[PDB]
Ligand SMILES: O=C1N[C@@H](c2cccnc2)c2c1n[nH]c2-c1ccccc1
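Here's a solo chain for you in structure tokens, the form solved without the ligand.
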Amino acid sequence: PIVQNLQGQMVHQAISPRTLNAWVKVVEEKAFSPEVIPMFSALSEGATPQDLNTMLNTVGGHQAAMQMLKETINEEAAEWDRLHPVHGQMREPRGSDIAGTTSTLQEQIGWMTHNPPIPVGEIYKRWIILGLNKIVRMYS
């Protein structure tokens, strides 16, 4: 995630094992429950798209759930491209860039800290939450 240090600068730091552990814990302890969703938000504060993918991959053995998530992400990325088509320079992010599949961590941090910013982590996070809601329904 990207966090503000003591001075006031925005610095990147890795996800802790503790955080990844708590995430796997909640996904399984509360499997199928929407209770998982606010915990996802809590555990992913300041997350970049790469971070979100690390979290998803740690629970990536769930075949049907991951497939539902993937198709949701694909749909949202397509809608992003419709809503915001791409026309010290910096290229603008496309749907696949927000999902972290075609962008580097450097590029993601660049967008998030740009003036003015595009919070690609927060955007991707919403797509994932859409997916999580659909997983709840698929297993209701």
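Counting begins at 1, following the sequence as shown.
Although not depicted, the form deposited with the ligand bound is the subject of the following passage.
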Practice task
Label the site open or blocked after overlaying the ligand from its pose in the entry with it bound onto the shown form by the C-alphas around the site (blocked when 3+ ligand atoms sit within 2.4 Å of backbone or C-beta).
Solution key: open
Practice task
May I ask you to state whether residue 57 is within 4.5 Å of the ligand in the entry with it bound, using heavy atom distances?
Solution key: yes
Practice task
Could you confirm whether residue 82 comes within 4.5 Å of the ligand in the entry with it bound, counting heavy atoms only?
Solution key: no
Exercise for the section: Could you confirm whether residue 101 comes within 4.5 Å of the ligand in the entry with it bound, counting heavy atoms only? Expected result: yes
Problem - Site check 12, 14 and 16: each within 4.5 Å of the ligand in the entry with it bound by heavy atom - result: no
Practice task
At a 4.5 angstroms cut-off on non-hydrogen atoms, which residues of 102 to 128 are near the ligand in the entry with it bound? List them in order.
Solution key: 124
